[PDB]
Amino acid sequence: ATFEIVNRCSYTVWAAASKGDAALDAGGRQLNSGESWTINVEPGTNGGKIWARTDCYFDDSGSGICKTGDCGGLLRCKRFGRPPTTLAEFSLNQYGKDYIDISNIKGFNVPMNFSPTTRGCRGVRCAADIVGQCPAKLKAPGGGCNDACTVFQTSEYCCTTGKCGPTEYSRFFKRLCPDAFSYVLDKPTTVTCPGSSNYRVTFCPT
């Protein structure tokens with residue numbers, strides 16, 4: 001499947017793409033404002049994610065640090081990124097269907113649209129000013145708005161027992177971005193697309 005990743009933000013982002021135990025395609029790349037990066041993701045990929053990283057420094061070996069979404073100091077991510085990270089999540093060719101969503105479960109750094117480029121389903125977007133409006137206790141110094149699990153590490157926020165409810169903090173994310181997951185047991189905002197669809201992830205869509 002083809003994913004075109006587009007940076008419409010006015011600032012540089014370092015895109016990342018991983019399935020948690022391996023890179024997808026090259027795993028990461030710098031995207032200046034306006035740049036587009038096309039990656040190929042193997043059919044049958046389960047549990048893939050794409051995200052943006054901000055304020056990164058890398059040396060010539062591709063080693064360094066980012067203020068949001070750092071994936072163990074690598075340009076080319078093999079593992080998932082450090083919150084806060086707005087996430088584009090997907091599972092492809094699962095019994096004939098692709099499943100896509102955006103998630104704020106690991107916080108929010110950059111606004112995002114995640115849309116098919118082929119026919120037969122809708123896109124999802126979270127493009128509100130979550131950082132600007134972020135509750136004081138969730139604001140990340142490096143930038144971004146953390147989820148409450150990351151900050152407080154409780155059973156209720158992290159849904160450790162598999163029983164948890166919405167909270168004051170999950171409801172903040174949900175109010176600004178209804179079409180994104182706000183906590184682990186949120187009512188799903190997953191979109192079902194035809195198997196073998198293609199997609200575009202746009203950072204800063206508006």
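Quick note: the coordinates plus some simple rules give every number you see, no bench work behind them. Using ideal geometry, Cβ is built from the backbone for each residue, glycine included, and neighbour counts are taken over all protein chains shown.
Worth a mention:
- Scope segment 18-48; condition under 15 Å from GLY62 (Cβ atoms) and in contact with a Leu (Cβ under 7 Å, 6 or more places away or on another chain); matching residues: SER18, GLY28
- Of all residues in segment 1-31, those being polar (S, T, N, Q), surrounded by fewer than 19 Cβ atoms within 10 Å (Cβ to Cβ) and farther than 19 Å from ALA127 by Cα number 2.
- When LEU176, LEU138 are checked against the criterion of being among the hydrophobic types (A, V, I, L, M, F, W, C), out of contact with any strand residue (DSSP E or B) (no Cβ under 7 Å at 6 or more places or on another chain), under 27 Å from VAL13 (Cα atoms) and surrounded by 15 or more Cβ atoms within 10 Å (Cβ to Cβ), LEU176 stands alone in meeting it.
- Pairing residues of segment 159-181 that are more than 14 Å from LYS106 (Cα to Cα) and without any contact (Cβ under 8 Å) to a residue 40 or more places away in the chain with residues that are among the hydroxyl-bearing types (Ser, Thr, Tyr) and part of a helix (DSSP H, G or I), at Cβ distances under 6 Å and at least 6 apart in sequence or on separate chains, gives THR161/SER155.
- Members of segment 189-206 found to be on the phi > 0 side of the Ramachandran plot and polar (S, T, N, Q), listed by number: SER196
- So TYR183, is it hydroxyl-bearing (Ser, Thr, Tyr), crowded, with 18+ Cβ neighbours inside 10 Å and in contact with a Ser or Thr (Cβ under 6 Å, 6 or more places away or on another chain): yes
- Of all the numbered requirements in (1) under 19 Å from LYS67 (Cβ atoms); (2) out of contact with any strand residue (DSSP E or B) (no Cβ under 9 Å at 6 or more places or on another chain); (3) small (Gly, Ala, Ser), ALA22 misses one, and that requirement is (1).
- At least 1 residues being touching a residue at least 40 places away in the same chain (Cβ under 8 Å) and aromatic (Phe, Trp, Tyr) is the threshold, and among the strands (runs of 3 or more DSSP E) wholly inside segment 1-81 those reaching it are 2-7, 13-18, 48-53.
- From the list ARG53, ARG76, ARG82, the one residue that fits, being within 18 Å of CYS9 (Cβ to Cβ) and either in contact with a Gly (Cβ under 6 Å, 6 or more places away or on another chain) or basic (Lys, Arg) (or both), is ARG53.
- Candidates in segment 98-114 are the residues that are part of a strand (DSSP E or B) and not charged (D, E, K, R); of these, the one that is surrounded by the most Cβ atoms within 10 Å (Cβ to Cβ) is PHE108.
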